Amino acid sequence: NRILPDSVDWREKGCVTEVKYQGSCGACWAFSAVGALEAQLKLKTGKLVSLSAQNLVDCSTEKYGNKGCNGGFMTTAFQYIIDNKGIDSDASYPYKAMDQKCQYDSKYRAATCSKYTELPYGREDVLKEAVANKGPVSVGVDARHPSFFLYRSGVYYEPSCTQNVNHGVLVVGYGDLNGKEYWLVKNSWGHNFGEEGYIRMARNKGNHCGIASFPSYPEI
Ligand SMILES: COc1ccc(NCCNC(=O)[C@H](CC2CCCCC2)Nc2nc3ccccc3o2)cc1
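Residue numbers (the authors' numbering): -2 to 217.
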């Protein structure tokens, strides 16, 4: 294992925005993407600003292989931001949990992206390094299991979990709670979900729920 802090929590560094609520629109991928970029924006500019998930839903569309409320990719969302030369703030381009026409306006730009990096498949050591040295990392997890929806506390370990990931989330840290290593994950199902919108998921337990399957992070 690499030399790195035993625990990280980017919330303590003011790099994580409020937990969002995606409602009945499958835009987790867009929440995951903007979450990652939000952290980089704070690191670069000193300002913590929620970015427009809606902008991705409406604008990073077929050209990026995305389907708005019916799914998409965090990496191709980053590419859209690069190509588009920006993304609007959440305040300026609010989230309506539906597919809408692209309404991007550079007058409302709140961040840029120059590149993104996809981490190697399933490597939790590399993910740890990135979370420690780069910032929060966009990942997908297998969130299909009834136990996920009902998670309240502790470290989530579900024997039935798979590496077939279906839900974009954000790794904002990691640590150890009562001898269980975890990844600290920001979800987008509101504050009602889990621990004020967060879930601790099992770390170094065989890429549990595929958390380290498809990690990426952007740079400004
Ligand atoms: C409540 O959170 C949700 C959980 C599941 C869903 N299902 C529909 C939306 N699906 C998704 O967002 C998945 C998640 C993605 C993010 C993490 C890395 C890879 C997997 N992404 C996705 N599905 C696609 C289908 C066709 C074309 C592109 C697609 O992109 C919707 C929302």
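Where a beta carbon is used, it is the ideal one built from N, C-alpha and C, also for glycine.
Can you list, in chain order, the residues of its chain whose CB lies under 6 Å from that of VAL13, leaving out five sequence neighbours each side? As a working mapping, residue 13 is identified with position 16 in the sequence shown. Cβ neighbours of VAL13 beyond the five flanking positions: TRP7, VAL169.
Top-ranked residue by Cα proximity to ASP85, from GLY43, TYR105, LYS10: Counting from one through the sequence shown, the residue named residue 85 turns up at place 88. Cα-wise, what sits closest to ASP85 is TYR105.
In terms of DSSP beta bridges, what is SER144 paired with? As a working note, residue 144 is residue 147 in the sequence shown. In the DSSP output, where bridge partners are listed per residue, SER144 has none listed.
Write down the C-beta distance between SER210 and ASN204 rounded to the nearest angstrom, noting that I regard them as a contact closer than 8 Å. What you label residue 210 is simply residue 213 of the sequence shown in a count that begins at 1. What you label residue 204 is simply residue 207 of the sequence shown in a count that begins at 1. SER210 to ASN204, Cβ: 6 Å. Contact.
Report yes if the C-beta distance between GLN19 and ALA127 is below 8 Å; otherwise report no. To locate residue 19, count along the sequence shown from 1; it is residue 22. To locate residue 127, count along the sequence shown from 1; it is residue 130. Result no, Cβ atoms of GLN19 and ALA127 do not sit closer than 8 Å.
Report the three-state DSSP secondary structure of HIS164 (helix, strand or coil). Within the sequence shown, the letter at position 167 stands for residue 164. It is a strand residue.
Alpha carbon to alpha carbon, how far is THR109 from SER49? Along the sequence shown, one-based indexing puts residue 109 at 112. Along the sequence shown, one-based indexing puts residue 49 at 52. Those two C-alpha atoms are separated by around 12 Å.
Between which two residues does the alpha helix (DSSP H) carrying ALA129 extend? The residue you call residue 129 lines up with position 132 of the sequence shown. Counted as a single uninterrupted DSSP element, the alpha helix (DSSP H) harbouring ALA129 occupies residues 121 to 130.
Considering only the alpha carbon of each residue, which of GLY68, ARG197, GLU35 lies closest to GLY176? Residue numbering aside, residue 176 sits at position 179 when the sequence shown is read from its first letter. Cα-wise, what sits closest to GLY176 is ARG197.
Report yes or no: do the stretch 140 to 158 and the stretch 49 to 68 share at least 3 C-beta pairs separated by less than 8 Å? no
So, at 8 Å on beta carbons, what are the nonlocal neighbours of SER4 in its own chain, with the 5 sequence-adjacent residues on each side left out? Mapped onto the sequence shown, residue 4 falls at position 7. Counting only Cβ-Cβ distances below 8 Å, and skipping sequence neighbours, we find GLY170, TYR171, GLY172, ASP173.
Any heavy atom of ligand 1 closer than 7 Å to the beta-carbon of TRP7? Translated into the one-based positions of the sequence shown, residue 7 becomes position 10. Checking every heavy atom of ligand 1 against the Cβ of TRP7, none is found closer than 7 Å.
Mind listing, in chain order, the continuous alpha helix (DSSP H) runs of no fewer than 4 residues lying wholly within the stretch 7 to 33? none
Ordered along the chain, which non-local residues of its own chain (more than five positions away) have a Cβ less than 7 Å from that of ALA140? For the purposes of this step, residue 140 is taken as residue 143 along the sequence shown, with counting starting at 1. Around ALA140: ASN163, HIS164.
Three-way DSSP call (helix, strand, coil) for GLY65 in this model: Translated into positions along the sequence shown, residue 65 becomes position 68. If DSSP states are grouped into helix, strand and coil, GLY65 belongs with the helices.
For the candidate residues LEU1, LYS10, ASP80, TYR214, whose alpha-carbon lies nearest to that of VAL166? Translated into positions along the sequence shown, residue 166 becomes position 169. The shortest C-alpha separation from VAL166 is found at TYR214.
Kindly indicate which three-state DSSP category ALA74 falls into: helix, strand or coil? The count along the sequence shown starts at 1 and reaches residue 74 at position 77. Reduced to three states, the DSSP call for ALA74 is helix.
Within a Cβ cutoff of 7 Å, which residues of the same chain sit near residue 218, ignoring the five residues on either side of it in sequence? As shown, the chain starts at -2 and ends at 217. That puts residue 218 outside it, with no answer to give.
According to DSSP, simplified to helix, strand and coil, what is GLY207? Stepping through the sequence shown from its first residue, residue 207 is reached at position 210. Helix at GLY207.
For the candidate residues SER47, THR58, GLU216, whose alpha-carbon lies nearest to that of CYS99? As a working mapping, residue 99 is identified with position 102 in the sequence shown. Per the Cα distances, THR58.
For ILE79, list the residues DSSP reports as bridge partners. Here residue 79 corresponds to residue number 82 of the sequence shown, with the count starting at 1. Paired residues: none, contrary to the question.
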